[PDB]
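Trainee: Quick one: structure below, then a few questions.
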RNA sequence: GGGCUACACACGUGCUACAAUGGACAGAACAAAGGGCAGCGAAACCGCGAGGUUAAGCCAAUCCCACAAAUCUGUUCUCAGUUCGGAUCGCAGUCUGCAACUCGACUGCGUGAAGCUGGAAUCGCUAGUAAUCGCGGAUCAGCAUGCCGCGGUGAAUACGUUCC
């Protein structure tokens with residue numbers, strides 16, 4: 001990125017804000033993987049829309065600046081014939 | 001077809017003669033007349049430094065010493081190749097002389113390219129070195145097998 | 001051996017001699033020598049009995065060989081336990097920065113061999 | 001102690017860049033030494049030396 | 001939102017090198033052509049750099065993109081996986097864009113693969129051609145080692161139709 005600053009679409013902002021202030025709801029899908037993780041966002045688990053299937057993702061304290069959608073690879077491995 | 005016209009080279013101011021300009025043409029790489037110029041004048045200087053003698057004289061004796069008298073030419077008339085020895089054209093003589101000269105000078109391995117061109121041209125002056133050895137090898141491939149190229153072809 | 005960056009060589013000028021240190025590079029060496037005022041000096045290794053020490057201190061401020069290796073190691077270990085995707089590229093043999101795979105990129109893949117044919 | 005197999009040991013003078021000195025014994029009359037326990041960061045309490053470990057981890061990234 | 005960028009591998013086609021005719025540093029010097037108003041953006045200033053702040057001029061033989069590079073002149077390294085080469089990756093920045101994870105470019109710092117000229121085989125070119133050095137444009141928000149052009153430096157050889 002650059003400066004001022006990391007950019008969530010902003011709906012995730014109010015969502016995680018309301019989820020932080022109250023309710024403590026867990027597991028929620030999102031199509032907007034472009035959004036970066038935030039300190040207020042910590043500890044939540046989001047189903048990430050790779051396209052084929054949502055992949056749930058827990059948020060450790062260590063991850064912030066990495067993109068939220070980065071953790072789930074759309075790519076399928078490998079695929080190769082004769083292993084070993 | 002027929003023979004093609006060939007341009008004469010602009011004479012080198014030092015040492016006057018056009019043949020040195022032919023060296024400026026052959027020694028040159030990456031199209032740089034100036035790099036050939038510097039290596040040429042430093043070549044004359046290093047010749048001036050060790051064993052004192054006129055550079056043009058040792059150069060003339062060297063070029064006379066590096067021109068083959070005969071050359072083979074392979075031709076597959078049948079099973080296996082058959083080289084045919086033949087008297088060399090003088091332009092081809094100086095061409096082979098200068099080309100094997102610069103080629104063997106390139107591989108001398110000395111830290112200074114000018115000093116190894118010096119060692120090489122003095123080897124040509126002394127009837128020795130890789131160039132004279134190679135002309136001798138061409139002399140061996142020739143004469144010994146000139147019988148197929150006696151007056152047949 | 002040696003006084004600053006461990007195992008600096010010999011019979012070489014001081015700048016390239018401490019570029020070999022796992023930490024300082026070329027321009028950083030230009031900076032530490034700019035602080036030094038040595039002027040190069042010395043082609044071999046003969047600096048000065050105390051100036052070698054004051055330079056040893058400034059180099060000591062910079063950090064640091066195998067611990068710097070521990071920095072990159074702990075960093076990539078941070079990059080694998082985090083999930084992940086970047087360390088995933090680090091151990092697939094996949095290039096990490098993002099430059100295809102359909103051709104070349106043999107820096108991690110290695111040379112040999114081949115196991116396919118048609119038809 | 002076999003004679004002529006064991007090299008002679010004159011009283012050593014260990015030294016260091018920090019000017020620290022140690023009186024021991026060695027084959028050499030004098031012994032300059034690049035590093036001593038009185039200079040090495042680990043033996044000398046818990047000096048910052050160059051770290052300042054954990055700065056920063058696992059997170060501290062904010063800019064406004 | 002992905003994918004068109006897959007990845008055990010094969011092939012085609014380019015780029016960069018494997019170095020002392022060289023590398024690195026400093027100084028000095030010679031171009032052509034093309035583009036520019038939803039643009040080119042000088043100069044001044046800030047940042048090591050990329051760029052930013054600010055803003056003159058230019059609808060352009062006026063001004064801007066813009067500095068030509070090889071080269072030359074000296075200093076330095078003295079033949080080695082190297083002050084050779086730059087890969088890969090880490091960290092920290094930056095331009096464009098709602099937005100640079102997939103899958104952008106650039107910079108600073110750090111890391112310093114392989115490669116010391118390449119088997120069988122194969123390609124181009126008869127002179128300003130080959131060799132090589134830089135520049136511009138179409139493309140285009142951003143992205144040009146591709147393509148199309150511009151100029152600099154600038155050869156070797158052609159006996160001949162035996163053979164392909």
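Trainee: From the list C:15, C:72, C:64, C:38, pick out the single residue that is within 10 Å of RNA strand E (Cβ to nearest atom), more than 25 Å from residue A:83 (Cβ to Cβ) and in contact (Cβ under 8 Å) with a residue 24 or more places away in the chain.
Mentor: The match here is C:15.
Trainee: Also, I was wondering about something else. Here is a list of conditions, (1) in contact with a strand residue (DSSP E or B) (Cβ under 9 Å, 6 or more places away or on another chain); (2) within 17 Å of residue A:24 (Cβ to Cβ), and residue A:42 meets all of them except one; can you say which number that is?
Mentor: (1)
Trainee: Pairs under 7 Å by beta carbon, first residue in contact (Cβ under 8 Å) with a residue 12 or more places away in the chain in segment B:11-35, partner in a loop (DSSP other than H, G, I, E, B) and within 11 Å of RNA strand E (Cβ to nearest atom), six or more apart or different chains?
Mentor: B:21/B:9; B:21/B:10; B:22/B:9; B:25/B:9
Matching residues to (1) within 14 Å of chain D (Cβ to nearest Cβ); (2) more than 18 Å from residue C:14 (Cα to Cα); (3) assigned to a loop (DSSP other than H, G, I, E, B):
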site: C:46; (1), (2), (3): no, no, yes
site: C:55; (1), (2), (3): yes, no, no
site: C:60; (1), (2), (3): yes, no, no
site: C:67; (1), (2), (3): yes, yes, no
site: C:75; (1), (2), (3): yes, yes, no
site: C:91; (1), (2), (3): no, yes, no
site: C:100; (1), (2), (3): no, yes, yes
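Trainee: Across segment A:4-29, which residue is nearest to the other protein chains (Cβ to nearest Cβ) among those that are in contact (Cβ under 8 Å) with a residue 24 or more places away in the chain and assigned to a loop (DSSP other than H, G, I, E, B)?
Mentor: Going through the qualifying residues, I end up with A:6.
Trainee: A follow-up question, please. Across segment B:104-116, which residue is surrounded by the most Cβ atoms within 10 Å (Cβ to Cβ) among those that are closer than 21 Å to residue B:137 by Cα and near RNA strand E (Cβ under 9 Å from one of its atoms)? Lay out the reasoning, then the answer.
Mentor: Initial filter on segment B:104-116 (closer than 21 Å to residue B:137 by Cα): B:104-108.
If we keep only those that are near RNA strand E (Cβ under 9 Å from one of its atoms) as well, we get B:105-106.
Working: B:105: 24, B:106: 14.
The residue in question is B:105.
Trainee: Any idea how many residues of segment D:9-28 are in a loop (DSSP other than H, G, I, E, B), surrounded by 11 or more Cβ atoms within 10 Å (Cβ to Cβ) and within 14 Å of chain C (Cβ to nearest Cβ)?
Mentor: 3
Trainee: Within segment D:29-64, track down each residue that is surrounded by fewer than 12 Cβ atoms within 10 Å (Cβ to Cβ), away from chain C (no Cβ under 11 Å) and either touching a strand residue (DSSP E or B) at 6+ places or on another chain (Cβ under 7 Å) or more than 29 Å from residue D:14 (Cα to Cα) (or both).
Mentor: Those that are surrounded by fewer than 12 Cβ atoms within 10 Å (Cβ to Cβ), away from chain C (no Cβ under 11 Å) and either touching a strand residue (DSSP E or B) at 6+ places or on another chain (Cβ under 7 Å) or more than 29 Å from residue D:14 (Cα to Cα) (or both): D:29, D:30, D:55, D:56, D:60, D:61, D:62, D:63, D:64.
Trainee: All but one of (1) farther than 20 Å from residue C:13 by Cα; (2) assigned to a loop (DSSP other than H, G, I, E, B); (3) within 14 Å of chain D (Cβ to nearest Cβ) hold for residue C:71; state the number of the condition that does not hold.
Mentor: With (1) farther than 20 Å from residue C:13 by Cα; (2) assigned to a loop (DSSP other than H, G, I, E, B); (3) within 14 Å of chain D (Cβ to nearest Cβ) applied to residue C:71, the lone miss is (2).
Trainee: Let me ask something else about it. Would you confirm, using the coordinates I've provided, whether residue B:64 is touching a residue at least 12 places away in the same chain (Cβ under 8 Å), assigned to a helix (DSSP H, G or I), surrounded by 13 or more Cβ atoms within 10 Å (Cβ to Cβ) and on the phi < 0 side of the Ramachandran plot?
Mentor: In short, no.
Trainee: Residues in segment B:2-19: is at least one closer than 17 Å to residue B:120 by Cβ, touching a helix residue (DSSP H, G or I) at 6+ places or on another chain (Cβ under 8 Å) and not in a loop (DSSP other than H, G, I, E, B)?
Mentor: So far as segment B:2-19 goes, yes, one or more of its residues are closer than 17 Å to residue B:120 by Cβ, touching a helix residue (DSSP H, G or I) at 6+ places or on another chain (Cβ under 8 Å) and not in a loop (DSSP other than H, G, I, E, B).
Trainee: Considering segment A:30-61 alone, what residues qualify as being more than 13 Å from chain C (Cβ to nearest Cβ) and in a loop (DSSP other than H, G, I, E, B)?
Mentor: The answer is A:31, A:32, A:34, A:35, A:38, A:42, A:43, A:44, A:51, A:52, A:53.
Trainee: Let me ask another. Identify, please: which residue in segment A:62-82 is more than 10 Å from chain C (Cβ to nearest Cβ) and surrounded by fewer than 18 Cβ atoms within 10 Å (Cβ to Cβ) and is, among those, nearest to RNA strand E (Cβ to nearest atom)?
Mentor: So the residue we want is A:74.
Trainee: Okay, next question. Confirm whether residue D:3 is outside any strand (DSSP E or B), exposed (fewer than 13 other Cβ atoms within 10 Å of the Cβ) and within 12 Å of chain C (Cβ to nearest Cβ).
Mentor: For residue D:3, the condition - outside any strand (DSSP E or B), exposed (fewer than 13 other Cβ atoms within 10 Å of the Cβ) and within 12 Å of chain C (Cβ to nearest Cβ) - is not met.
Trainee: Could you figure out which of (1) under 30 Å from residue A:58 (Cβ atoms); (2) more than 23 Å from the chain's Cα centre (by Cα); (3) surrounded by fewer than 16 Cβ atoms within 10 Å (Cβ to Cβ) isn't true of residue C:82?
Mentor: With respect to (1) under 30 Å from residue A:58 (Cβ atoms); (2) more than 23 Å from the chain's Cα centre (by Cα); (3) surrounded by fewer than 16 Cβ atoms within 10 Å (Cβ to Cβ), residue C:82 is out only on (3).
Trainee: Same structure, new question: Taking interchain pairs and intrachain pairs at least six residues apart, which have beta carbon atoms under 6 angstrom, with the first residue in segment C:84-109 and touching a residue at least 12 places away in the same chain (Cβ under 8 Å) and farther than 18 Å from residue A:68 by Cα and the second more than 6 Å from RNA strand E (Cβ to nearest atom) and not in a helix (DSSP H, G or I)?
Mentor: If the second residue must be more than 6 Å from RNA strand E (Cβ to nearest atom) and not in a helix (DSSP H, G or I), the pairs left are C:95/C:105.
Quick note: the coordinates plus some simple rules give every number you see, no bench work behind them. Neighbour counts run over all protein chains shown; Cβ positions are idealised from the backbone, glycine included.
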